[PDB]
């Protein structure tokens, strides 16, 4: 009922990985605005049905101290039977989650109102590779590979360029397949924003990655001083470039 929603199908099949991201407002007189992404989970339900169920949950958060800094404990209730496998308790980085001018007190639970929901359907979880997955594998690297993600703010007409680290390698590495994969990479609303690179061939810069995988890259750390809702509704992804730089 009048919920803003987005559904992005980046995988075709009866089963997919659901990457869900909520934009919420604190239920409060002076409300914090924040975005919450749910740990990825599998579904066999049609995405156009799943998004309707996702829109119906109830969310509470509590901000806490952790060894790494402020974190948000998230609780998701009022999950229908369809969402039995949806993670219901988890923790995310509070600085990334909360909008630029939004703050929460610590150690107090606060209910949130869902204002928008995005569902992106990815390949099966075993076919997803992360940056952290590859860092473990690198030995005696000489160079960094960086993705340059370019956006245009369509309302302010500002160009945004965010470099994000992909991996390091020892030093052709820039195969045609690699260049094409970077050029055609997609940005979706998850973990703030998530860069999704399709890896078919795994020669060169894609070494150690399973064939027919999605290499997914978190942009959330670069969005601590943004409103993620604002970004996902006003930034248009216009290009992806890359750089290979000596360490």
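Residue numbers count along the first chain shown, from 1.
S.K.: Counting only residues that lack coordinates, how big is the gap in the deposited sequence between residue 171 and residue 172? Pick none, 1 to 3, 4 to 9 or 10 or more.
M.R.: Going from residue 171 to residue 172, the model skips 4 to 9 residues of the deposited sequence.
S.K.: Between 12-20 and 234-242, name whichever shows the higher mean Cα B factor according to the PDB entry.
M.R.: Mean C-alpha B-factor is greater for 12-20.
S.K.: Between 157-165 and 173-181, which has the larger average Cα B-factor in the PDB entry?
M.R.: In the deposited entry, the stretch with the higher C-alpha B-factor mean is 173-181.
S.K.: Using the entry's values, work out which of 118, 77, 109, 97 has the largest Cα B factor.
M.R.: So the option with the highest C-alpha B-factor is 77.
S.K.: Just grab whichever of 39, 70, 192, 204 has the top CA B-factor as deposited.
M.R.: Max CA B-factor in the entry, restricted to 39, 70, 192, 204: 204.
S.K.: Lowest, middle or highest third of the chain for the C-alpha temperature factor of residue 46?
M.R.: It falls in the middle third of the chain.
S.K.: How does residue 52 rank on Cα B-factor within its chain, lowest, middle or highest third?
M.R.: It belongs to the middle third of the chain when residues are ordered by C-alpha B-factor.
S.K.: Looking at the temperature factor on the CA atom of residue 102, which third of the chain's modelled residues does it land in?
M.R.: According to the entry, residue 102 has a C-alpha B-factor in the chain's middle third.
S.K.: C-alpha B factor of residue 212, ranked within the chain: lowest, middle or highest third?
M.R.: Its C-alpha B-factor, which the entry lists for residue 212, ranks in the highest third among residues of this chain.
S.K.: Which third, lowest, middle or highest, does the CA B-factor of residue 126 fall in along this chain?
M.R.: Residue 126: CA B-factor falls in the middle third of its chain.
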